[PDB]
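Engineer: pasting the sequence and an experimental structure:
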Amino acid sequence: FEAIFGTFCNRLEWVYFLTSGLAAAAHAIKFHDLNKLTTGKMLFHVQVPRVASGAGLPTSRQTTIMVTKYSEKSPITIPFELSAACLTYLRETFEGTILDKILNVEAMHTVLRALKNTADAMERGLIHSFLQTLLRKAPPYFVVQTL
Amino acid sequence: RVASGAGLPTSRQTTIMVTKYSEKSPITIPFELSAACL
Amino acid sequence: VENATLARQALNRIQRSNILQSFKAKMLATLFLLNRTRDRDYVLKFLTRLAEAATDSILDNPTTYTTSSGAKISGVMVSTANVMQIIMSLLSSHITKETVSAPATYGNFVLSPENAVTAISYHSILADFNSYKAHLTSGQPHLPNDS
Amino acid sequence: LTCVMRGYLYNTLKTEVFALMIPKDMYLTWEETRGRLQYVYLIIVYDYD
Amino acid sequence: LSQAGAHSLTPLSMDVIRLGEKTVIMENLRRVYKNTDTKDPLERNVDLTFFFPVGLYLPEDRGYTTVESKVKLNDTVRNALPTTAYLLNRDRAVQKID
Amino acid sequence: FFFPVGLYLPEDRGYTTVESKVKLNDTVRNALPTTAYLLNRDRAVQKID
Amino acid sequence: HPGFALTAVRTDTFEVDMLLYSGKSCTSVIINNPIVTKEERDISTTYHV
Amino acid sequence: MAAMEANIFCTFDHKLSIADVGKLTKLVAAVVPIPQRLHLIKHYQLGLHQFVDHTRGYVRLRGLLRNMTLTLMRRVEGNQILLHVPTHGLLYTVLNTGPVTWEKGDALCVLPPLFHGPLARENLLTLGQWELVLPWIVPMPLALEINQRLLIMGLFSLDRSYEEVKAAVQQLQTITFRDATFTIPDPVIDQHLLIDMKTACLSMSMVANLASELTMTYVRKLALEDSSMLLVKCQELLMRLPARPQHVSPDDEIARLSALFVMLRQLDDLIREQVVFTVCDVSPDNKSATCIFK
Amino acid sequence: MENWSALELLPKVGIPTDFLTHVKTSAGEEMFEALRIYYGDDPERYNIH
Amino acid sequence: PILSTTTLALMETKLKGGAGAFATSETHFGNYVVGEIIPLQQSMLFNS
Amino acid sequence: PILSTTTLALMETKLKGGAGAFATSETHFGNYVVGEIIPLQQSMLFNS
Amino acid sequence: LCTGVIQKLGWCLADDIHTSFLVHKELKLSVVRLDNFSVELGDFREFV
């Protein structure tokens, strides 16, 4: 004999953004017209809490404060591909035999598996790009502990 | 895969097939009986 | 286990050099570690690193080796008598004498008739042939279980 | 024989692609590393000996 | 922004820790980079810059010693003039730089 | 296991860390390395020459 | 020995597991639907998202 | 590995104002080069500001631009630029960049921009001290006489005083092709220019050797009897010094003419860069055209 | 030399995988034998003889 | 600063010495030890 | 590396000394002790 | 004339280029092999 016991495919873990706890630091909004904007600015207006003081001593003043922040840009990309034989066996059945049905269901399953792997890669890349954009503005511990 | 950012060449789809084989190791014990019982 | 994250392709010269460095460190550190030191915490840390270091099997029967009150068995450590009783005496706060389930008999596994026909014809065995044939004709590309 | 003028080299039904073979002595590269795309040419150089 | 979206909620399990009435979610990201290609960005290569001298000359008008009970060198002008330094490798092993 | 016998130290880099613990006679039969001493299976000295 | 005290400088890189902490909703990320982009060739048709 | 991406998305990581995107909306159907091809590229490699040297070698920029990959601009939006790498022999619209009037039928070349810098005063996407330097698209005879005057400047650079070169550049920089003046920036010496001069002198020596007596004497044989203005204008650049030919042969001289055509081709390829656009119909405001052969 | 068409075509039982190291390291350093590491999608599984 | 001694003798007391001996810095007449300001030759290759 | 020495007196001050002496390695003017890197003599005699 | 000649044959993927061998009547002949390749012909240009 040769005793082919078992053929084993892989089941990938379907990790999403909101399933991970890293989305606790995130505020995930979906906005369909995102590519039509340049940048998102945010404005803040603070006047300071002053304090009275004793005479023979200079005092404070009302100082307006306006601060402004901006958004960021980080596109991502996954290039999955399909052979032309897969597209040929997906649409075009012929001769009605058993093996033609096997090739058709194999074409359907490789397209489905490529789509699922592409979606999983998109989720992992979203987590990765969020982590990159998070780490690119975090100061080290000694800076904030000094401050 | 992981979705890479701009200006970075990313990996394409990749499938890996491996094979594991069995190991045979037989065992044997000899033992003898006389003809006085027979 | 301390370099699984970092290497993701064929190894570099620096990577294999760090592997050799960790070999020459831990081989000198961990020979006769029971004969060297006999504290509870380091031995427990070494044993839990040894337990984490192995990978789990591809096949696992979940209902066998069930510890009473519903616990499950990860692994088994075998040794000689003196080393085992030294482990017993050194860590008494972690040993529990418990009755677990066990598979009562062997795994009776037999070939199908079509397995025998393929075995005499093409000198090979594909186990659970009927499940392969039925899932192939149906189109479901994932089996429930293997042989 | 069936040759091609333009396009890829493939079996019928496009089940598998066909490769181009060249012997080692006719093979010639002029750079230590290659780009993403590279053209393949033909060179007949004349030794006027 | 908070008015925009985040309508429904679902429960899911994770692990937290309590530090001065502040509960914070502990997380690791091995499952997102298990059999992937890109490097995990929490694994990082930091780099320090070391420096050491070799071949100096301490002044002899104020020369002294503090290990005269611990060490003893013979009367040698080569001993009393530093030209080599001794350092360690990434392994604990004596290296020489002349 | 491996060990040197008869290995010669330099004199220009001569030093001694252990002088309160031990002191030897000035004869070079003790000040030139020509023999060595190891330990047996039991903790006992032995001489290799 | 010449009249020279060369002072050596060098660097050493270390493979280091860091850790990161951020507060809840420290930044808001807006996204959109994925954009399927086709690309056709004779031997295969790749895609882009 | 992955194949060749027909569509290339570029992303401006730096923050754009509305005026820059408004200027970029006028840049549709324009040609831009890229050094490498990826599906999602950064904005530094796009353009030509990555290759502006302090040498400012126009032959160096020309040879570098010849090895880039040409693309067309499309679908300008927020921090994203579609680039279509065009395929062979298909129809494509195009928008002109340099101040050259275009006609129909004349093939076009791609060229580095003349008078590059702040002197041309181009407000093309200036951000992070990086400009968007657009390669010019010129017709055939403009690029031909540009390469010709560069090679003539190179051949005149040898064994001449510096003020002789300064008296030559005021003659050779003025090109008035199609009623629009143009100037040659910084004609200097370069090792690539040395390579062009070496192959030019070798090809000139070879065609001087392979020239038969009838080719050498046809100008005198025509100037003894015929008379025209063009004959006079081509005779005055020649030097001073019915007979039967000594020896002629058809089969030898056709081989001589084939090898001579080969040597003139090996001289011609220096000034003729490449055809990259073949115009069918321009827009009547001379701001756009259609083309083939990409 | 194993029938990889028989692996890709036949229905396969799914598992939660656990390689100790990264799987491409295990392929590039031969923990196993006959490692089919084709990239993209090779359509050679389609034609059946 | 990194552990670097000029003589092999003053190196040897750093190996007979106990933990934290690398942080010190002793000098002989024409010899000296500069010690490491952080025990990374004492601990980071010694986690075992 | 195994425990080796040059003189009987230096082996005497090694063996007479306390536990952990065999990990150290001292040197006299012309005599020397190399010490075994693991305490195998210590462990193998101490479990006895 | 035409000391060398040159023409375009095609373009490859620049990653499938590898060494294989041809066999004809049990005779090995080692080859460079280009898997995903498309032909693109052109006339004989020349250079001297």
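Structural biologist: In hand now; what should we look at? Residues are numbered from 1 along each chain as shown, chains lettered A, B, ... in the order given.
Engineer: rest of the way, CA atoms for contacts and neighbours
Structural biologist: Will do.
Engineer: checking the one residue in chain H that gets nearest to chain I next. Helix, strand or coil?
Structural biologist: Here the residue of chain H nearest chain I is residue H:1; by Cα to the nearest Cα that distance is 7.0 Å. Under DSSP: H, G, I helix; E, B strand; the rest coil, residue H:1 falls in the coil class.
Engineer: what are the phi and psi values for the closest residue to it other than its chain neighbours?
Structural biologist: Nearest non-adjacent residue to residue H:1, counting by Cα to Cα, 6 or more residues apart in numbering or on different chains: residue L:15, 6.3 Å away. Reported as degrees, to the nearest 10, the phi and psi values for residue L:15 are phi -130, psi -30.
Engineer: any idea how far residue L:15 is from residue L:41?
Structural biologist: 22 Å (Cα to Cα, to the nearest Å).
Engineer: residues near the residue of chain H closest to chain I, how many?
Structural biologist: By other Cα atoms under 10 Å in any protein chain shown, 15 other residues sit near residue H:1.
Engineer: residue contacts, it?
Structural biologist: Applying Cα atoms under 8 Å, 6 or more residues apart in numbering or on different chains to residue H:1 gives the contacts B:12, I:39, I:40, L:13, L:15, L:16.
Engineer: any of the residues you listed buried? List them.
Structural biologist: B:12, I:40, L:13, L:15 (16 or more other Cα atoms under 10 Å in any protein chain shown).
Engineer: can you put those residues in a markdown table and add secondary structure?
Structural biologist: Below are those laid out as a markdown table (three-state DSSP):
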| residue | secondary structure |
| --- | --- |
| B:12 | coil |
| I:40 | coil |
| L:13 | coil |
| L:15 | coil |
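Engineer: neighbours of residue L:42, how many?
Structural biologist: Residues within reach of residue L:42, counting by other Cα under 10 Å, total 12.
Engineer: make that residue H:156, sorry
Structural biologist: What residue H:156 shows, counting by other Cα under 10 Å, is a neighbour count of 13.
Engineer: quick one: which helix or strand includes it?
Structural biologist: According to DSSP states H and E, residue H:156 maps onto helix H:140-157.
Engineer: which SSE is immediately downstream of that helix?
Structural biologist: In N-to-C order, the element after helix H:140-157 by DSSP H and E is helix H:162-172.
Engineer: biggest strand in chain D, by residue count?
Structural biologist: Counting by DSSP state E, the longest strand found in chain D is strand D:38-45.
Engineer: check which helices and strands that one sits against.
Structural biologist: strand L:4-12 (3 or more Cα pairs under 8 Å, 6 or more residues apart in numbering or on different chains; DSSP states H and E).
Engineer: show me what counts as buried in the strand it packs on.
Structural biologist: L:5, L:6, L:7, L:8, L:9, L:10, L:11, L:12.
Engineer: quick check: the gap between the closest residue to residue L:46 other than its chain neighbours and chain E.
Structural biologist: Leaving aside its sequence neighbours, residue L:46 sits nearest to residue L:5 (Cα to Cα, 6+ apart; 4.0 Å). Here residue L:5 is placed at a distance of 45 Å from chain E (Cα to the nearest Cα, to the nearest Å).
Engineer: contacts only, for the spatially closest residue to residue C:53 that is not a sequence neighbour.
Structural biologist: Spatial nearest neighbour of residue C:53, excluding adjacent residues (Cα to Cα, 6+ apart): residue C:1 at 6.4 Å. For residue C:1, the contacting residues are C:53, I:20, I:21, by Cα under 8 Å, 6+ apart.
Engineer: run a quick neighbour tally on the first one.
Structural biologist: Looking back up the chat, that one is residue C:53. Residue C:53: 12 neighbours (other Cα under 10 Å).
Engineer: state the distance from it to residue C:41.
Structural biologist: Using Cα to Cα, residue C:53 is found at 18 Å from residue C:41.
Engineer: look at whichever residue of the stretch 151-294 of chain H sits closest to chain B and tell me its secondary structure.
Structural biologist: Proximity of the stretch 151-294 of chain H to chain B (Cα to the nearest Cα) peaks at residue H:294, 25.1 Å away. Look at residue H:294: counting by three-state DSSP, its state is coil.
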